[PDB]
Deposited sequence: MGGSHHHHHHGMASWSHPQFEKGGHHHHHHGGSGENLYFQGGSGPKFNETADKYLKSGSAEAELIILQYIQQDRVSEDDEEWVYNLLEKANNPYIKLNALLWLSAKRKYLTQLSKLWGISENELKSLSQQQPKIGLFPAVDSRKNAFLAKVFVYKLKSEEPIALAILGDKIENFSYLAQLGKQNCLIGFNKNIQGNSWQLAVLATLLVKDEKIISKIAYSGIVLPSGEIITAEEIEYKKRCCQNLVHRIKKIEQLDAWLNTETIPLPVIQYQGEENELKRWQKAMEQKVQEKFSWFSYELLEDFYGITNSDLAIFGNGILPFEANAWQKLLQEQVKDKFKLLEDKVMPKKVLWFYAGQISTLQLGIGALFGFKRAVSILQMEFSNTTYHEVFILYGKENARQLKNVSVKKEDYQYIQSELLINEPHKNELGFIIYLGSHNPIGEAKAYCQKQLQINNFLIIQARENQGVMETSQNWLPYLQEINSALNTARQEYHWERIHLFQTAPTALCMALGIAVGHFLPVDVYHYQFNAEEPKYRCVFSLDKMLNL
């Protein structure tokens, strides 16, 4: 029931628009504080948007846009319980008009699985006061640009170290966070999985929040494809620190195609198993 309408233009904007935003959060009363900020950020671009108006027009409640409640079976269960069908159900609810998602998240490692289940085919705005940092609407396809070679790298440096060409097990290191995991990741890969192959990605010089973060995704995708061009890899394990937006977009781009075992630092799930679980 629509009863929170105040301005007459609000009804016109809510009934004669092409895209209806649905801000979604990934939180483990803090949701109310997080959803208030998320409702304000979309209000910057859509002053006609309101959570009460959204629940009146389409029934998308506040709990309907948030999944709450050694990363393990608990992590994969929270992944498959609501996240797997959330986007499909919400897009089914607003069936005529297109959907412009607004995504924020909390857990870095779980954000990779959330993005992989989320897909590369969603017009999204990934926000990181919350500031939008990933713009994949309006331009989106550029997220999968792997054309940037190793020589013309501007933001980050990639180094590939291979010690067992016969063994097709490569480690994935992305040093784009707070604490450098390079030594710990090397010890873990050389001690537990006995993997001597690592694909480290480090910064060339945390980030500029105001600026668009697409070149980071383009550079990591290009480095991964360049590494996979000449050699064969059966399995990839990540060992990284990253912002929510960066890993979320990496999961969006790489997706479920590559055989990847995402681990969390303080395996858990499999990127190819998101479509299987």
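- Going by the record, the unmodelled stretches of the deposited sequence, in order, are 1-244, 273-275, 317-321, 381-386, 397-398, 466-468, 530-538.
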